[PDB]
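Colleague:
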Amino acid sequence: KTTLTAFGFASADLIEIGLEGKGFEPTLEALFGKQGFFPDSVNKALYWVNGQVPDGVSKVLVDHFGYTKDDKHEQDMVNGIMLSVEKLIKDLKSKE
């Protein structure tokens, strides 16, 4: 929002766009929470996909998505991504 006072002492809101919403936190956590889609999905993709991102990007990825070096699951790329998808689907209707 912005209020303009350029007509002497007469004021007038030049423009205002009002955003109102609730229930964002559950989706925020289902995307980036402990069981969120992004952390597990990125971890599985990094484990099953050859090659590592530059070290600078690697630090951020480890910090945010909790990439794990070693996994004992002979489950494949498809199941690795699909576990994250499954938990996200449960996240969707398990909350607001």
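Mapping the sequence shown onto the deposited numbering, position 41 (from 1) lands on 714, and the numbers just tick up by one. Backbone N, C-alpha and C define an ideal beta-carbon position, used for all residues, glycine too.
1. If you draw a straight line from the alpha carbon of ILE690 to that of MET755, how long is it in whole angstroms?
2. Output the boundary residues of the beta strand (DSSP E) element that contains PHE680.
3. Applying the 10 Å Cβ sphere with the 16-neighbour rule, what's the burial state of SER767?
4. Could you check whether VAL715 and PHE680 sit closer than 8 angstroms to each other, using their CB atoms as the reference points?
5. Quick check: the Cα distance between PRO699 and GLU769, rounded to an integer number of angstroms?
Modeller: The answer reads as follows:
1. Walking along the sequence shown from the start, residue 690 turns up at place 17. Walking along the sequence shown from the start, residue 755 turns up at place 82. Near 39 angstroms, if we compare the C-alpha coordinates of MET755 and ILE690.
2. Counting from 1 along the sequence shown, the entry for residue 680 is found at position 7. In this chain, the beta strand (DSSP E) harbouring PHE680 covers 675-680.
3. Within the sequence shown, the letter at position 94 stands for residue 767. By the 10 Å Cβ count, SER767 comes out exposed.
4. For the purposes of this step, residue 680 is taken as residue 7 along the sequence shown, with counting starting at 1. For the purposes of this step, residue 715 is taken as residue 42 along the sequence shown, with counting starting at 1. 8 angstroms or more divides the Cβ of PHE680 from the Cβ of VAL715.
5. Here residue 699 is taken as the residue at index 26 of the sequence shown, counted from 1. Here residue 769 is taken as the residue at index 96 of the sequence shown, counted from 1. In this structure, the alpha-carbon of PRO699 lies about 7 angstroms from that of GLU769.
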